[PDB]
$ cat input25.tsv   # TSV, N, CA and C atoms
chain	number	residue	atom	x	y	z
A	188	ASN	N	-51.93	54.61	46.71
A	188	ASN	CA	-51.62	55.95	46.16
A	188	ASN	C	-52.71	56.94	46.54
A	189	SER	N	-52.43	58.22	46.37
A	189	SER	CA	-53.40	59.25	46.69
A	189	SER	C	-53.36	60.34	45.62
A	190	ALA	N	-54.24	60.23	44.64
A	190	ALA	CA	-54.25	61.16	43.52
A	190	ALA	C	-55.66	61.33	42.97
A	191	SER	N	-55.78	62.15	41.94
A	191	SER	CA	-57.07	62.42	41.32
A	191	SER	C	-57.50	61.26	40.44
A	192	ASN	N	-56.61	60.84	39.54
A	192	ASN	CA	-56.89	59.76	38.57
A	192	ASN	C	-57.99	60.19	37.61
A	193	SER	N	-59.24	59.93	37.99
A	193	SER	CA	-60.38	60.36	37.21
A	193	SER	C	-61.36	61.13	38.09
A	194	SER	N	-60.93	61.38	39.32
A	194	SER	CA	-61.72	62.11	40.28
A	194	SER	C	-61.25	63.56	40.35
A	195	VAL	N	-62.19	64.49	40.41
A	195	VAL	CA	-61.83	65.90	40.45
A	195	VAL	C	-61.57	66.38	41.87
A	196	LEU	N	-60.31	66.29	42.29
A	196	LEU	CA	-59.90	66.82	43.58
A	196	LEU	C	-59.73	68.33	43.48
A	197	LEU	N	-59.65	68.80	42.25
A	197	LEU	CA	-59.63	70.23	41.98
A	197	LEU	C	-60.95	70.85	42.41
A	198	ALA	N	-61.96	70.00	42.56
A	198	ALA	CA	-63.27	70.44	42.97
A	198	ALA	C	-63.42	70.39	44.49
A	199	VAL	N	-62.68	69.49	45.14
A	199	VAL	CA	-62.84	69.30	46.58
A	199	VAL	C	-62.17	70.42	47.35
A	200	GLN	N	-61.38	71.22	46.64
A	200	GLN	CA	-60.66	72.33	47.26
A	200	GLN	C	-61.39	73.64	47.02
A	201	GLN	N	-62.64	73.54	46.60
A	201	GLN	CA	-63.43	74.72	46.28
A	201	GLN	C	-64.57	74.87	47.29
A	202	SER	N	-65.14	76.06	47.33
A	202	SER	CA	-66.28	76.34	48.20
A	202	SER	C	-66.90	77.68	47.80
A	203	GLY	N	-67.87	78.14	48.58
A	203	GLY	CA	-68.50	79.42	48.32
A	203	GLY	C	-69.45	79.37	47.13
A	204	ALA	N	-70.34	78.38	47.14
A	204	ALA	CA	-71.31	78.24	46.07
A	204	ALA	C	-72.52	77.46	46.56
A	205	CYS	N	-73.63	78.15	46.76
A	205	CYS	CA	-74.85	77.50	47.19
A	205	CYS	C	-75.63	77.01	45.99
A	206	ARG	N	-76.31	75.88	46.15
A	206	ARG	CA	-77.15	75.29	45.11
A	206	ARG	C	-76.40	74.99	43.81
A	207	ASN	N	-75.12	75.27	43.73
A	207	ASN	CA	-74.43	75.19	42.44
A	207	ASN	C	-73.60	73.93	42.34
A	208	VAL	N	-74.10	72.98	41.56
A	208	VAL	CA	-73.43	71.72	41.33
A	208	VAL	C	-73.54	71.34	39.86
A	209	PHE	N	-72.41	71.07	39.23
A	209	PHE	CA	-72.40	70.66	37.84
A	209	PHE	C	-71.83	69.25	37.71
A	210	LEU	N	-72.53	68.41	36.96
A	210	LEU	CA	-72.05	67.07	36.67
A	210	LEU	C	-71.72	66.93	35.19
A	211	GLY	N	-70.46	66.73	34.89
A	211	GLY	CA	-70.04	66.63	33.51
A	211	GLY	C	-69.30	65.35	33.19
A	212	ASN	N	-70.02	64.23	33.25
A	212	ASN	CA	-69.51	62.92	32.82
A	212	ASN	C	-70.46	61.81	33.26
A	213	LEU	N	-71.72	61.98	32.96
A	213	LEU	CA	-72.72	60.98	33.33
A	213	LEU	C	-72.91	59.98	32.21
A	214	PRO	N	-73.50	58.81	32.49
A	214	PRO	CA	-73.84	57.84	31.46
A	214	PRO	C	-75.12	58.23	30.74
A	215	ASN	N	-75.26	57.74	29.52
A	215	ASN	CA	-76.46	58.02	28.75
A	215	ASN	C	-77.62	57.26	29.36
A	216	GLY	N	-78.70	57.98	29.62
A	216	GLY	CA	-79.85	57.36	30.24
A	216	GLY	C	-80.01	57.73	31.70
A	217	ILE	N	-79.03	58.43	32.24
A	217	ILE	CA	-79.09	58.88	33.63
A	217	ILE	C	-80.30	59.79	33.85
A	218	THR	N	-81.11	59.45	34.84
A	218	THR	CA	-82.30	60.22	35.12
A	218	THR	C	-82.17	60.93	36.46
A	219	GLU	N	-82.90	62.02	36.60
A	219	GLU	CA	-82.83	62.85	37.79
A	219	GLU	C	-83.19	62.04	39.00
A	220	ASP	N	-84.20	61.20	38.86
A	220	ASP	CA	-84.68	60.35	39.95
A	220	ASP	C	-83.53	59.58	40.60
A	221	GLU	N	-82.58	59.16	39.77
A	221	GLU	CA	-81.41	58.43	40.25
A	221	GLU	C	-80.51	59.33	41.09
A	222	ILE	N	-80.13	60.46	40.51
A	222	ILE	CA	-79.29	61.43	41.19
A	222	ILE	C	-79.98	61.98	42.45
A	223	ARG	N	-81.27	62.25	42.34
A	223	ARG	CA	-82.08	62.67	43.48
A	223	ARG	C	-81.98	61.70	44.63
A	224	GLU	N	-82.41	60.48	44.39
A	224	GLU	CA	-82.41	59.45	45.43
A	224	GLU	C	-81.01	59.22	45.98
A	225	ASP	N	-80.00	59.56	45.19
A	225	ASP	CA	-78.64	59.33	45.59
A	225	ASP	C	-78.07	60.51	46.38
A	226	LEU	N	-78.53	61.72	46.07
A	226	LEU	CA	-77.89	62.91	46.63
A	226	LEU	C	-78.74	63.57	47.71
A	227	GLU	N	-80.02	63.26	47.73
A	227	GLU	CA	-80.93	63.90	48.66
A	227	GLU	C	-80.72	63.46	50.12
A	228	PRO	N	-80.18	62.24	50.39
A	228	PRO	CA	-79.99	61.79	51.77
A	228	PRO	C	-78.97	62.65	52.51
A	229	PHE	N	-78.05	63.26	51.77
A	229	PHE	CA	-77.11	64.20	52.36
A	229	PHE	C	-77.38	65.63	51.90
A	230	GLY	N	-78.12	65.78	50.82
A	230	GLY	CA	-78.31	67.09	50.24
A	230	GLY	C	-79.49	67.12	49.31
A	231	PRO	N	-80.66	67.50	49.82
A	231	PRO	CA	-81.86	67.60	49.00
A	231	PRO	C	-81.70	68.61	47.87
A	232	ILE	N	-82.16	68.24	46.68
A	232	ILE	CA	-82.07	69.10	45.52
A	232	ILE	C	-83.46	69.54	45.07
A	233	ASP	N	-83.56	70.74	44.50
A	233	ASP	CA	-84.83	71.27	44.02
A	233	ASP	C	-84.86	71.32	42.50
A	234	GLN	N	-83.68	71.31	41.90
A	234	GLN	CA	-83.57	71.42	40.46
A	234	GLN	C	-82.44	70.55	39.94
A	235	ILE	N	-82.77	69.64	39.05
A	235	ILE	CA	-81.80	68.73	38.46
A	235	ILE	C	-82.06	68.60	36.97
A	236	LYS	N	-81.20	69.19	36.16
A	236	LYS	CA	-81.37	69.17	34.72
A	236	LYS	C	-80.25	68.37	34.07
A	237	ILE	N	-80.61	67.23	33.50
A	237	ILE	CA	-79.64	66.36	32.88
A	237	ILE	C	-79.69	66.48	31.37
A	238	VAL	N	-78.57	66.84	30.79
A	238	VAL	CA	-78.42	66.81	29.35
A	238	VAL	C	-77.63	65.57	28.98
A	239	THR	N	-78.35	64.46	28.82
A	239	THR	CA	-77.74	63.17	28.55
A	239	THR	C	-77.04	63.18	27.19
A	240	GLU	N	-77.46	64.10	26.32
A	240	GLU	CA	-76.85	64.25	25.01
A	240	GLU	C	-75.39	64.65	25.14
A	241	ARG	N	-75.07	65.38	26.21
A	241	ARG	CA	-73.72	65.88	26.41
A	241	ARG	C	-73.12	65.29	27.69
A	242	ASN	N	-73.87	64.40	28.33
A	242	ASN	CA	-73.41	63.67	29.51
A	242	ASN	C	-73.24	64.62	30.70
A	243	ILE	N	-74.00	65.70	30.70
A	243	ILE	CA	-73.86	66.74	31.71
A	243	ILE	C	-75.17	66.97	32.45
A	244	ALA	N	-75.06	67.40	33.70
A	244	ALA	CA	-76.23	67.67	34.53
A	244	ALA	C	-75.99	68.88	35.44
A	245	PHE	N	-77.02	69.71	35.54
A	245	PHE	CA	-76.99	70.89	36.39
A	245	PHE	C	-77.89	70.67	37.60
A	246	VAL	N	-77.31	70.68	38.78
A	246	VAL	CA	-78.05	70.40	40.00
A	246	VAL	C	-78.10	71.64	40.87
A	247	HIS	N	-79.25	71.91	41.48
A	247	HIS	CA	-79.36	73.04	42.40
A	247	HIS	C	-79.73	72.57	43.80
A	248	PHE	N	-78.73	72.54	44.67
A	248	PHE	CA	-78.91	72.13	46.07
A	248	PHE	C	-79.35	73.31	46.92
A	249	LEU	N	-80.64	73.30	47.29
A	249	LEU	CA	-81.29	74.40	48.00
A	249	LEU	C	-80.44	74.96	49.14
A	250	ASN	N	-79.86	74.10	49.95
A	250	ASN	CA	-79.00	74.56	51.03
A	250	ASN	C	-77.55	74.52	50.59
A	251	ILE	N	-76.78	75.51	51.03
A	251	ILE	CA	-75.38	75.61	50.64
A	251	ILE	C	-74.62	74.37	51.13
A	252	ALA	N	-74.90	73.94	52.36
A	252	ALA	CA	-74.19	72.82	52.96
A	252	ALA	C	-74.57	71.51	52.29
A	253	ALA	N	-75.79	71.45	51.76
A	253	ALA	CA	-76.27	70.27	51.07
A	253	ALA	C	-75.40	69.99	49.85
A	254	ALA	N	-75.04	71.05	49.14
A	254	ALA	CA	-74.18	70.94	47.98
A	254	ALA	C	-72.78	70.54	48.39
A	255	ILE	N	-72.30	71.13	49.48
A	255	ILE	CA	-70.94	70.88	49.95
A	255	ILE	C	-70.70	69.40	50.20
A	256	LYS	N	-71.49	68.82	51.10
A	256	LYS	CA	-71.34	67.43	51.46
A	256	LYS	C	-71.55	66.52	50.26
A	257	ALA	N	-72.54	66.83	49.43
A	257	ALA	CA	-72.83	66.05	48.25
A	257	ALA	C	-71.67	66.07	47.25
A	258	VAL	N	-71.16	67.25	46.95
A	258	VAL	CA	-70.04	67.39	46.02
A	258	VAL	C	-68.76	66.77	46.59
A	259	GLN	N	-68.69	66.66	47.90
A	259	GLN	CA	-67.55	66.02	48.55
A	259	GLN	C	-67.71	64.50	48.61
A	260	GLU	N	-68.94	64.02	48.57
A	260	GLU	CA	-69.22	62.59	48.69
A	260	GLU	C	-69.35	61.93	47.33
A	261	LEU	N	-69.84	62.69	46.35
A	261	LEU	CA	-70.01	62.21	44.99
A	261	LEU	C	-68.71	61.59	44.45
A	262	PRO	N	-67.57	62.30	44.56
A	262	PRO	CA	-66.29	61.80	44.05
A	262	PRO	C	-65.76	60.59	44.82
A	263	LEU	N	-66.29	60.37	46.02
A	263	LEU	CA	-65.81	59.27	46.85
A	263	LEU	C	-66.62	58.00	46.62
A	264	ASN	N	-67.66	58.12	45.82
A	264	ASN	CA	-68.58	57.02	45.58
A	264	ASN	C	-68.38	56.41	44.21
A	265	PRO	N	-68.57	55.10	44.09
A	265	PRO	CA	-68.22	54.34	42.88
A	265	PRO	C	-69.09	54.69	41.69
A	266	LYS	N	-70.31	55.15	41.97
A	266	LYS	CA	-71.24	55.49	40.91
A	266	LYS	C	-71.00	56.92	40.48
A	267	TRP	N	-70.87	57.78	41.48
A	267	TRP	CA	-70.80	59.21	41.26
A	267	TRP	C	-69.38	59.62	40.89
A	268	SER	N	-68.40	58.81	41.30
A	268	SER	CA	-67.01	59.07	40.94
A	268	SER	C	-66.80	58.94	39.44
A	269	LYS	N	-67.75	58.27	38.78
A	269	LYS	CA	-67.71	58.13	37.33
A	269	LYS	C	-68.08	59.46	36.67
A	270	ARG	N	-68.62	60.36	37.48
A	270	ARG	CA	-69.03	61.66	37.01
A	270	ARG	C	-68.12	62.74	37.56
A	271	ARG	N	-67.93	63.78	36.77
A	271	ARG	CA	-67.09	64.89	37.15
A	271	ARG	C	-67.94	66.03	37.69
A	272	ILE	N	-67.91	66.23	39.00
A	272	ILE	CA	-68.73	67.26	39.61
A	272	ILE	C	-67.87	68.33	40.27
A	273	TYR	N	-68.32	69.57	40.18
A	273	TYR	CA	-67.67	70.65	40.90
A	273	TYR	C	-68.69	71.73	41.24
A	274	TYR	N	-68.29	72.65	42.11
A	274	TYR	CA	-69.09	73.82	42.41
A	274	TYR	C	-69.18	74.71	41.18
A	275	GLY	N	-70.39	74.90	40.70
A	275	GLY	CA	-70.58	75.69	39.51
A	275	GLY	C	-70.40	77.16	39.77
A	276	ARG	N	-69.39	77.73	39.15
A	276	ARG	CA	-69.18	79.16	39.22
A	276	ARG	C	-70.16	79.84	38.28
A	277	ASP	N	-70.82	80.87	38.78
A	277	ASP	CA	-71.88	81.54	38.04
A	277	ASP	C	-73.00	80.54	37.73
A	278	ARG	N	-73.89	80.89	36.82
A	278	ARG	CA	-75.02	80.04	36.49
A	278	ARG	C	-74.72	79.26	35.22
A	279	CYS	N	-73.75	79.75	34.45
A	279	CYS	CA	-73.41	79.18	33.16
A	279	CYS	C	-72.25	78.20	33.28
A	280	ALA	N	-72.16	77.54	34.43
A	280	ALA	CA	-71.08	76.60	34.69
A	280	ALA	C	-71.27	75.29	33.92
A	281	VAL	N	-70.87	75.30	32.66
A	281	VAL	CA	-70.85	74.09	31.85
A	281	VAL	C	-69.47	73.89	31.23
A	282	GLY	N	-68.76	74.99	31.04
A	282	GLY	CA	-67.41	74.94	30.51
A	282	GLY	C	-66.59	76.11	30.98
A	283	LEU	N	-67.14	77.30	30.82
A	283	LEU	CA	-66.51	78.51	31.31
A	283	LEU	C	-67.28	79.03	32.52
A	284	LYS	N	-66.74	78.77	33.70
A	284	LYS	CA	-67.40	79.15	34.93
A	284	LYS	C	-66.54	80.14	35.70

$ encode --input "input25.tsv" --output "structure tokens"
Amino acid sequence: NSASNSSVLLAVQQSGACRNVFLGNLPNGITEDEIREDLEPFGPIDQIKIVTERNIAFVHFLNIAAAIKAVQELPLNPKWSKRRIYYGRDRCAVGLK
């Protein structure tokens, strides 16, 4: 089959957002070091703020393309697919973006 299921394909059809990446479905205990080491090989990040209390993380990918490939690869990966990531509209992209 070919569907979203628990993956945000609604996010893969988006663009036009540099450094703007929001993760809203992480496990408790997730640390930036993990996301860094995982996302930096395709997209180096300068700012990663994880609110484990709400299972959400705000990532800032310095290069626009770094965010693109990362946000496109995150949903395709077994670890990151567990998380809901999209291009953050505006800076307050946590619910209303």

$ select_by_dssp --input "input25.tsv" --residues "stretch 196-236 of chain A" --states "helix (DSSP H, G or I)" --output "ChimeraX atom specification"
/A:196-199,219-226

$ residues_near_point --input "input25.tsv" --point "(-87.0, 70.5, 48.1)" --cutoff "10 Å" --atoms "only C-alpha atoms" --output "PyMOL selection string"
chain A and resi 227+230-234+247-250

$ atom_distance --input "input25.tsv" --atom1 "atom N of residue A:253" --atom2 "atom N of residue A:217"
23.7 Å

$ residues_around --input "input25.tsv" --residues "residue A:270" --least-positions-apart "5" --cutoff "6 Å" --atoms "only N, CA and C atoms" --output "number ranges by chain"
A: 210-213

$ closest_residue --input "input25.tsv" --among "A:251, A:243, A:258, A:281" --to "residue A:198" --atoms "all atoms listed in the file"
A:258

$ closest_residue --input "input25.tsv" --among "A:244, A:254, A:222, A:235" --to "residue A:204" --atoms "only N, CA and C atoms"
A:254

$ atom_distance --input "input25.tsv" --atom1 "atom C of residue A:272" --atom2 "atom CA of residue A:209"
5.6 Å

$ closest_residue --input "input25.tsv" --among "A:267, A:238, A:274, A:226" --to "residue A:200" --atoms "only C-alpha atoms"
A:274

$ atom_distance --input "input25.tsv" --atom1 "atom N of residue A:192" --atom2 "atom CA of residue A:220"
28.1 Å

$ axis_aligned_box --input "input25.tsv" --around "stretch 207-217 of chain A" --padding-each-side "3 Å" --output "AutoDock Vina command-line options"
--center_x -74.8 --center_y 66.3 --center_z 36.2 --size_x 17.0 --size_y 24.0 --size_z 21.0

$ closest_residue --input "input25.tsv" --among "A:245, A:208, A:252, A:216" --to "residue A:229" --atoms "all atoms listed in the file"
A:252

$ select_by_dssp --input "input25.tsv" --residues "chain A" --states "strand (DSSP E or B)" --output "ChimeraX atom specification"
/A:208-211,232-238,243-248,272-274

$ closest_residue --input "input25.tsv" --among "A:283, A:246, A:237, A:261" --to "residue A:195" --atoms "only C-alpha atoms"
A:261

$ build_atoms --input "input25.tsv" --residues "stretch 208-219 of chain A" --atoms "N, CA, C and O atoms" --output "compact mmCIF listing (two decimals), in the frame of the given file"
# COMPACT_ATOMS: atom_id res chain seq x y z
N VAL A 208 -74.10 72.98 41.56
CA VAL A 208 -73.43 71.72 41.33
C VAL A 208 -73.54 71.34 39.86
O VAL A 208 -74.64 71.33 39.30
N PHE A 209 -72.41 71.07 39.23
CA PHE A 209 -72.40 70.66 37.84
C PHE A 209 -71.83 69.25 37.71
O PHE A 209 -70.79 68.94 38.28
N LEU A 210 -72.53 68.41 36.96
CA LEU A 210 -72.05 67.07 36.67
C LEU A 210 -71.72 66.93 35.19
O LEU A 210 -72.61 67.01 34.35
N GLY A 211 -70.46 66.73 34.89
CA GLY A 211 -70.04 66.63 33.51
C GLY A 211 -69.30 65.35 33.19
O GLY A 211 -68.10 65.38 32.93
N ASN A 212 -70.02 64.23 33.25
CA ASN A 212 -69.51 62.92 32.82
C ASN A 212 -70.46 61.81 33.26
O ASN A 212 -70.05 60.84 33.89
N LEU A 213 -71.72 61.98 32.96
CA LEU A 213 -72.72 60.98 33.33
C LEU A 213 -72.91 59.98 32.21
O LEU A 213 -72.50 60.23 31.08
N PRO A 214 -73.50 58.81 32.49
CA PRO A 214 -73.84 57.84 31.46
C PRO A 214 -75.12 58.23 30.74
O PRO A 214 -75.96 58.95 31.27
N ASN A 215 -75.26 57.74 29.52
CA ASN A 215 -76.46 58.02 28.75
C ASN A 215 -77.62 57.26 29.36
O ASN A 215 -77.54 56.06 29.59
N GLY A 216 -78.70 57.98 29.62
CA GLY A 216 -79.85 57.36 30.24
C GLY A 216 -80.01 57.73 31.70
O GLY A 216 -81.01 57.38 32.32
N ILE A 217 -79.03 58.43 32.24
CA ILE A 217 -79.09 58.88 33.63
C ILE A 217 -80.30 59.79 33.85
O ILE A 217 -80.51 60.76 33.12
N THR A 218 -81.11 59.45 34.84
CA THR A 218 -82.30 60.22 35.12
C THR A 218 -82.17 60.93 36.46
O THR A 218 -81.41 60.50 37.34
N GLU A 219 -82.90 62.02 36.60
CA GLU A 219 -82.83 62.85 37.79
C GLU A 219 -83.19 62.04 39.00
O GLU A 219 -82.57 62.17 40.03
